[PDB]
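**Q** Residue numbers (the working numbering), protein chains in the order written: chain P, 1 to 222; chain L, 1001 to 1114; chain D, 2001 to 2100; chain Z, 3001 to 3716.
Take a look at the following structure, please.
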Amino acid sequence: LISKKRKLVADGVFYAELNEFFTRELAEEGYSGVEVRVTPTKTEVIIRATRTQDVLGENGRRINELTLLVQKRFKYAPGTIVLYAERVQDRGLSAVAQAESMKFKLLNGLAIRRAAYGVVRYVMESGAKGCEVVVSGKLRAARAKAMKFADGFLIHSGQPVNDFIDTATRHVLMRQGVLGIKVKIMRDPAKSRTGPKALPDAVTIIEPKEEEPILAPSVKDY
Amino acid sequence: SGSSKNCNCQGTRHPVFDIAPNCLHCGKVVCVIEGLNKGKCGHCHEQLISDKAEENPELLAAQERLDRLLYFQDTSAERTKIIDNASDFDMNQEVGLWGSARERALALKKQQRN
Amino acid sequence: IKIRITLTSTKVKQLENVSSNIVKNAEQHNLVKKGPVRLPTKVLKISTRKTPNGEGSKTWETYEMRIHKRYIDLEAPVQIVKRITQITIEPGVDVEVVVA
Amino acid sequence: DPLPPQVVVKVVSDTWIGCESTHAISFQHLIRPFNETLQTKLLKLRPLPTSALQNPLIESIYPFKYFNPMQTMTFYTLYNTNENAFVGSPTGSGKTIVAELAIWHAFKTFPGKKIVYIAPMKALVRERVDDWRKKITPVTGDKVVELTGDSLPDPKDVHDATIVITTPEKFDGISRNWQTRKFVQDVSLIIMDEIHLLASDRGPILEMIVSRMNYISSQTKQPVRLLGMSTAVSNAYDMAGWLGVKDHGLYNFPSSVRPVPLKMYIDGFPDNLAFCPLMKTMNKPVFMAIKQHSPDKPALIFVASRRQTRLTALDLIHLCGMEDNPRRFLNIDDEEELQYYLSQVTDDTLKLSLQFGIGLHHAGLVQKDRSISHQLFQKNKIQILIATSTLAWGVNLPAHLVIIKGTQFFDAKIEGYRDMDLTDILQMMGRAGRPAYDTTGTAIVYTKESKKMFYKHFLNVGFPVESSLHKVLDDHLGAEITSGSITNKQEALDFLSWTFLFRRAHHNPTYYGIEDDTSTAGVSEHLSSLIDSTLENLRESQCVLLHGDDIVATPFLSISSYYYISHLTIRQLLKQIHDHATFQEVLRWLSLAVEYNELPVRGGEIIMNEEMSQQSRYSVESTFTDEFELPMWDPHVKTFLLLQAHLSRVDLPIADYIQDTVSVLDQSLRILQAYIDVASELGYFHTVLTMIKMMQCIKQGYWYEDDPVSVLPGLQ
RNA sequence: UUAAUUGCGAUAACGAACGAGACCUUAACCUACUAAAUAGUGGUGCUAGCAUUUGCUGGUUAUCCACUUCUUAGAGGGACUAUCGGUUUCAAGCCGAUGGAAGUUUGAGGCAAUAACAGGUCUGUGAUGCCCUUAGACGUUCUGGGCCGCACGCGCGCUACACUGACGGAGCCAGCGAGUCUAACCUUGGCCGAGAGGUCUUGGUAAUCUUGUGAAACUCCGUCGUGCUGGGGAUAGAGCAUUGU
RNA sequence: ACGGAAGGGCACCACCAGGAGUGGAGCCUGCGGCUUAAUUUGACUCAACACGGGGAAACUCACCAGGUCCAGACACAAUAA
Ligand SMILES: [Mg+2]
Ligand SMILES: [Mg+2]
Ligand SMILES: [Mg+2]
Ligand SMILES: [Mg+2]
Ligand SMILES: [Mg+2]
Ligand SMILES: [Mg+2]
Ligand SMILES: [Mg+2]
Ligand SMILES: [Mg+2]
Ligand SMILES: [Mg+2]
Ligand SMILES: [Mg+2]
Ligand SMILES: [Mg+2]
Ligand SMILES: [Mg+2]
Ligand SMILES: [Mg+2]
Ligand SMILES: [Mg+2]
Ligand SMILES: [Mg+2]
Ligand SMILES: [Zn+2]
Ligand SMILES: [Zn+2]
């Protein structure tokens, strides 16, 4: 018995707690976000990752223990919580996955300039309208500085930033300190299919069809 | 209990009364709620419970196969099996003899005897 | 029987969707039906300083969470109200039913 | 049974390492129709045997005192209540005693009623009456009158009849007259059996009947009771929601519980023979199976086609030679009595096959020859009862083993071989197992490898029953609406509302061909488009005139009830009628009926068809000319020549044409009746006079130039 | 010319991108749609008071009947400076009047570009490199102090220095919010006590109960009277309770 | 970039026309200073000073006078029923 004012708040924290658990466990499984759907007597959780086999494993081994891990912490009875595994559509258009790819290249000794252009190039090739990757920290020297890499064009103000831009931030641990990674990807409004299909300032006019003058009063009887 | 709530579910949504499963007069099924709150039939108001040679013979025979019908339903999990002519039917109870192969070493010993 | 169903989701467009098929399910079944009642919107506000430290001009941020709640009343035998609850479940729309 | 979290499809290379690609598919499309209702066998130990019925007349009959245990829920639920209930009864587990609950239901409340029974095939009709002529009528004093296409009883007998058994097609014709036929007013309960055949051709005929009583009950404001008699049906909820049953009562028992347990075996045969060579490969394994599984007990084999009824007998008898007794299990010790039964055998296979203990039955024999294979099996004289799949609906044969001899019977509509539907072979297992004769029964389902896995997975589970009305949906739309009940298309949506189609169309849009949207709104325009299609496909027949949203019952549509009308036939011959119709002209018109297109034209019949074309009084080449010219293979050409042979009393070259002629002559009277009503409305007196000369010639088989005196017996 | 590199334009530039704007939230307008005992309105029932002659004020949850004007919404509309008069290469635009619920981008906000500060932050983080400590350890925990200490200098503030007042009686009006489950929250009501407060219950997981939050400033009738005075309420002493070991 | 250089346009964190105030008094509170065993510390013009969501009796607590515990995983060697 909990009031709806506190129930929804406690539901969002459950989503928040469950979200950070996966990003710390499936960090090498390409975790790309989670969704929680509540049904009476049956609670289901949808995991979205790039590698559906690793999340599942043989006989659903990984998903079973992950489902069982949630059971112990949240005091949910067996048969009430069930986890799913689903691939992420258009992996090039998800900022979280591409943020991991940027982190992956740096830890292997790859150059900062070439690797940064690699992330933005794949995102652009995947149909994204715009992409921006920001790297900050001690790059080649003790004196820290920021290096921004971007392509296409990204809006910065107004409501459509929420609609069209996905932002991902991933800390990177290196021997010289911490390098910050920020990734913003702007998808094409023409493929949104949820809400707005274009920018608020885009006006498209249907071309009228010309028709020659009849030049004579005539009747088509029936 | 004296409750006047006539539960005419006939066992659809409630467990049936084990002692009085039905009405002996008009066949109405009496559940546990219907049996508890009243000992009389819901429909024809007949008493449900009164306050082998002698018994009718084929009446006893009817429940013999009826219990088998319940037994068949209870034991229907394995009745769906398909014999086929391509199934190995390992016949092992739950494991291949603890995942260990020495029972056939006697056959190897027998072959050494040969 | 006086069946009452309350819906307390945050996002409204699906909440209006869930209350859309329920109301037409009753009339299509020829059921005495009470219209949906939309309670006043609950605005949960948290105001806090933006800065983590104590330095800078005193800029304050306000965050809002909206709670939209409706209820629909139904009067019908149990065998049709029991065939309502198991359906019309969509993500992030809390649904409960109370009897009598 | 415990649903997994997901369904996983894994593809892996065959040479490389790690070349893996996995997909996890979720299924949240789980709605209440997507379930198995079922009923667990509960503890209802004490029955109500006979004496607990409170009627001495009924208790004095039916000497069965032990009450049917497999009626666990049923017993007296429908004995007193007036609520519709659905009963699923696997095998012959009460098909007779439960069917008599109609009298127990409300006949005591109001006697002298005409409750109507319905059976899907006329084979059931004969046995549903003959068994009850010494069981109900002599004790209840109530007569029962058969209503079929071959029996035309006096209406007074039908009005005073108590029970009526009728196929759904024949009930349709009398049900076309609901407005003016005062006979149909006493319907309080309607009972029909074997109702899961909606996937078959005759299912749509029965399906549209149920919606009729729903409209009758709705407008007239009194309930009409129903009762569903069938076997285990997967989608019980959808049928429950269409039959109009309430929560109190639903009978769904699986095939697991039966009076006799059933054993089923699967075998595979190579995939390099299409239909023909895979009888020699399969005939021999049948012989070992019969001996292995049915040493001294009856067997039963179901061939694919009519000719395969012979071929299996030819090889099996041949293979029976290479063992102890070639005439094994003849069960005829008396040689003098042996020749007694062989005397009545007519010809062909039965003459030289009945001595081997193997019986044959197919629709090519004398009407008594079909029975002869049964009485011998009735007292277990012959063992093998090789027959056609059409015999799984008629007399209940107490056999032990059923053999599916091959599979994938031929279909003429697709000019190819198609998988057998999972409605007939499932019922075909019901013949296996003899109640109170043997403990358990066996079944074998020999099939090709590609279909071998399919039957292993789904034979026990079964499939949902589907509605196939939308192949003939144009025909039966005007069956109930031509009376003038609906004038606008807005309520035309309501006319189809309580049909079974919506119970599966919205639930299973994929089966019916919907591919745009699976939602109820998405199907709404699709189902309306079919309704729009139905009315527009009637426009080119100039039977209905549209005034926008309004429809008009034109005189062409005036004759749609009171008589069966195929609609599509009207437009074909609409531009041919004239006042001065000649005898030759009408003879062409009679063979032009669409209903005659079902007549099969066997291979090579064109050679013999051409021979009698010149021998006929009116040759086909001189009759079917220009736009009306037809190919010689077409059944219309064959039907035209068959009628002339009957009029001229010309002996047919083969006995196969005789059966076709009987079928042609069966519908000759009713088809010719259509032109009488059409010409009467137009006032063509000359045409009407010509009509009377036709059936007189057809009935006596003599030409109009022949002397009617010669028709008398003893005169050539 | 605009709030605007906002536009008209000119033109060795053409064509674009970010920002502004658009967008989003909120405030007002609808006797238009769907409504709503968790909001009301009118009437019909039972009933209290006065006039009694037709009324007025009311009370009434299982007394109903009908409605959504007021109240909440969901889906819509509504404003684009509309019409007109002036001024302007007579272009963008601006001023004025009428109409309008609304005409300073309608008001107010959210978001809010590039380049930077060696701005703040290691005391929010199990975010951190390096350094220090690493077992009478700078770790943790327990007891008691301190962060309040007072010669003094500053900033953010609250009370006023009075009759546009103070004090005593009555009049009596808001809106944004919040509230208990393995807890003990918001508390109406009866009783006791100057008061603070204490006891027994009640309703509420909440448009329904606190709550019409009967708030204060304020309104009216009385006392005081230009007096560091019934302005002012620190500085000090004694007593009564609550929070909490 | 700067100019006590010019030109054009803007802003009540600018001014005019004013309003209400702070600075004067008492007190709450933060900062410096002094004191002390400690009076923990960050921030030095706008862009700190009712700010660190900092309204600290114990906790918070980081300072002081003292007393416990080890939560030193794991590996290696030693003592050793
Ligand atoms: Mg009253
Ligand atoms: Mg003008
Ligand atoms: Mg603005
Ligand atoms: Mg920080
Ligand atoms: Mg301090
Ligand atoms: Mg300040
Ligand atoms: Mg208020
Ligand atoms: Mg004073
Ligand atoms: Mg200004
Ligand atoms: Mg001034
Ligand atoms: Mg002041
Ligand atoms: Mg500034
Ligand atoms: Mg304090
Ligand atoms: Mg302290
Ligand atoms: Mg301490
Ligand atoms: Zn019950
Ligand atoms: Zn009874």
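We put the CB at the ideal spot given by N, CA and C, even for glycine.
Using a Cβ cut-off of 8 Å, which residues of the region 3236-3263 of chain Z contact any Cβ in chain D, in chain order?
**A** Under the 8 Å Cβ criterion, the region 3236-3263 of chain Z contributes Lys3246, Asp3247.
**Q** At a Cβ threshold of 7 Å, is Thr39 of chain P touching chain D?
**A** So, interface residue.
**Q** Between which two residues does the beta strand (DSSP E) holding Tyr2063 of chain D run?
**A** Note, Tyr2063 of chain D: beta strand (DSSP E), 2060-2067.
**Q** So, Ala3199 of chain Z versus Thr3423 of chain Z, is the Cβ gap smaller than 7 Å?
**A** A contact, by the Cβ cut-off of 7 Å.
**Q** Return yes when the C-beta of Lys1028 of chain L is under 6 Å from any heavy atom of ligand 17, and no when it is not.
**A** Within the cutoff, so yes.
**Q** Residues in the same chain with beta-carbon distance under 8 Å from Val3345 of chain Z, minus the five sequence neighbours each way, listed in chain order, please.
**A** Excluding sequence neighbours, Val3345 of chain Z sits near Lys3351, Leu3354, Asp3369, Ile3372.
**Q** Under 8 Å: do the region 3594-3602 of chain Z and the region 3210-3230 of chain Z share three or more Cβ pairs, one atom per stretch?
**A** Verdict: no, contact absent.
**Q** Within the chosen definition, does the region 17-36 of chain P reach the region 48-65 of chain P through at least 3 CB pairs nearer than 8 Å?
**A** Contact between the region 17-36 of chain P and the region 48-65 of chain P is present, because at least three Cβ pairs lie under 8 Å.
**Q** For ligand 4, any of its heavy atoms closer than 6 Å to the Cβ of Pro2052 of chain D?
**A** The answer is yes for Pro2052 of chain D.
**Q** Report yes if the C-beta distance between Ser1003 of chain L and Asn1037 of chain L is below 7 Å; otherwise report no.
**A** Closer than 7 Å, so yes.
**Q** Do we get a CB-CB distance below 7 Å when we pair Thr43 of chain P with the residues of chain Z?
**A** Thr43 of chain P does not count as touching chain Z.
**Q** Look up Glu44 of chain P in the DSSP assignment and give the residues it is bridged to.
**A** Answer by DSSP bridge pairing, in chain order: P:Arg37, P:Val82.
**Q** According to the neighbour-count rule (16 or more other Cβ atoms, all chains shown, within 10 Å of its Cβ), is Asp3154 of chain Z buried or exposed?
**A** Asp3154 of chain Z should be labelled exposed.
**Q** Bridge partners for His171 of chain P per DSSP, in chain order?
**A** According to DSSP, which records beta bridges pairwise, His171 of chain P is partnered with P:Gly180.
**Q** If the cut is a Cβ gap below 8 Å, which residues of chain D does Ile3031 of chain Z touch?
**A** Simply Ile2087.
**Q** Which bits of chain D does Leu107 of chain P rub up against, with CB to CB less than 9 Å?
**A** Going along chain D, no residue has its Cβ under 9 Å from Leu107 of chain P, so there is no contact; the nearest lies around 28 Å.
**Q** Could you give the uninterrupted runs of the beta strand (DSSP E) lying entirely in the region 3012-3049 of chain Z, keeping only those of 3 residues or more?
**A** Segments of the beta strand (DSSP E) lying fully in the region 3012-3049 of chain Z: 3020-3025.
**Q** Quick check on DSSP: helix, strand or coil for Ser2020 of chain D?
**A** Residue state, collapsed to three classes: helix.
**Q** State buried or exposed for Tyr222 of chain P, treating a residue as buried only when at least 16 other CB atoms are found within 10 Å of its CB.
**A** Looking at its Cβ environment, which holds fewer than 16 other Cβ atoms inside 10 Å, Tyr222 of chain P is exposed.
**Q** State the Cα-Cα distance for the pair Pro3138 of chain Z and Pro3063 of chain Z, rounded to the nearest angstrom.
**A** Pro3138 of chain Z and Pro3063 of chain Z: Cα-Cα distance of roughly 15 Å.
**Q** Can you look up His3362 of chain Z in the DSSP assignment and give me helix, strand or coil?
**A** Coil, per DSSP.
**Q** Between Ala3581 of chain Z and the rest of its own chain, which residues show a CB-CB distance below 6 Å, the 5 nearest in sequence each way excluded?
**A** If we look at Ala3581 of chain Z and ignore the five residues flanking it on each side, its Cβ neighbours are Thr3687, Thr3690.
**Q** Residues in the same chain with beta-carbon distance under 7 Å from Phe149 of chain P, minus the five sequence neighbours each way, listed in chain order, please.
**A** Hits under 7 Å: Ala116, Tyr117, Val120, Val133.
**Q** Assign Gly3441 of chain Z to one of two classes, buried (16 or more other C-beta atoms within 10 Å of its C-beta) or exposed (fewer than that).
**A** With 16 or more Cβ atoms within 10 Å of its Cβ, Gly3441 of chain Z is classed as buried.
**Q** For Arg1079 of chain L, I'd like the list of residues in its chain whose CB is within less than 8 Å of its CB, leaving aside the five on either flank, ordered along the chain.
**A** The residues are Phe1072.
**Q** With a cut-off of 8 Å, do at least 3 Cβ pairs link the region 3293-3313 of chain Z to the region 3376-3396 of chain Z?
**A** These segments touch.
**Q** Going along the chain, which unbroken runs of the alpha helix (DSSP H) with 4 or more residues stay wholly within the region 3118-3206 of chain Z?
**A** Listed in chain order, they are 3122-3130, 3137-3140, 3155-3160, 3168-3175.
**Q** Quick one: Cα of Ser2047 of chain D to Cα of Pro78 of chain P, how far?
**A** If you take the alpha carbons of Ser2047 of chain D and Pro78 of chain P, they lie about 39 Å apart.
**Q** Could you tell me which residues DSSP puts in a beta bridge with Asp151 of chain P?
**A** BP columns for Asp151 of chain P point to P:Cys131.
**Q** Nearest by alpha-carbon distance to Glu3169 of chain Z: which of Z:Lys3182, Z:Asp3186, Z:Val3184, Z:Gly3149 is it?
**A** The shortest C-alpha separation from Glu3169 of chain Z is found at Z:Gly3149.
**Q** Going by beta carbon distance, what residues of the same chain come within less than 8 Å of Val3008 of chain Z, once the five residues before and after it are set aside?
**A** Counting only Cβ-Cβ distances below 8 Å, and skipping sequence neighbours, we find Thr3022, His3023, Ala3024, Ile3025.
**Q** Per DSSP, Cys3320 of chain Z forms a beta bridge with which residues?
**A** Answer is none; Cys3320 of chain Z lacks a bridge partner.
**Q** In the DSSP output, which residue or residues are listed as bridge partners for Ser2047 of chain D?
**A** Answer is D:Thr2062.
**Q** Kindly indicate the opening and closing residues of the beta strand (DSSP E) around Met3429 of chain Z.
**A** Premise fails: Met3429 of chain Z is in no beta strand (DSSP E) and is neither H nor E.
**Q** Where does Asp1084 of chain L fall in DSSP's three states?
**A** Note: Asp1084 of chain L maps to coil in three-state DSSP.
**Q** Looking only at C-alpha atoms, which of P:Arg91, P:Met147, P:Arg113, P:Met174 sits nearest to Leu107 of chain P?
**A** Comparing Cα positions, the closest option is P:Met174.
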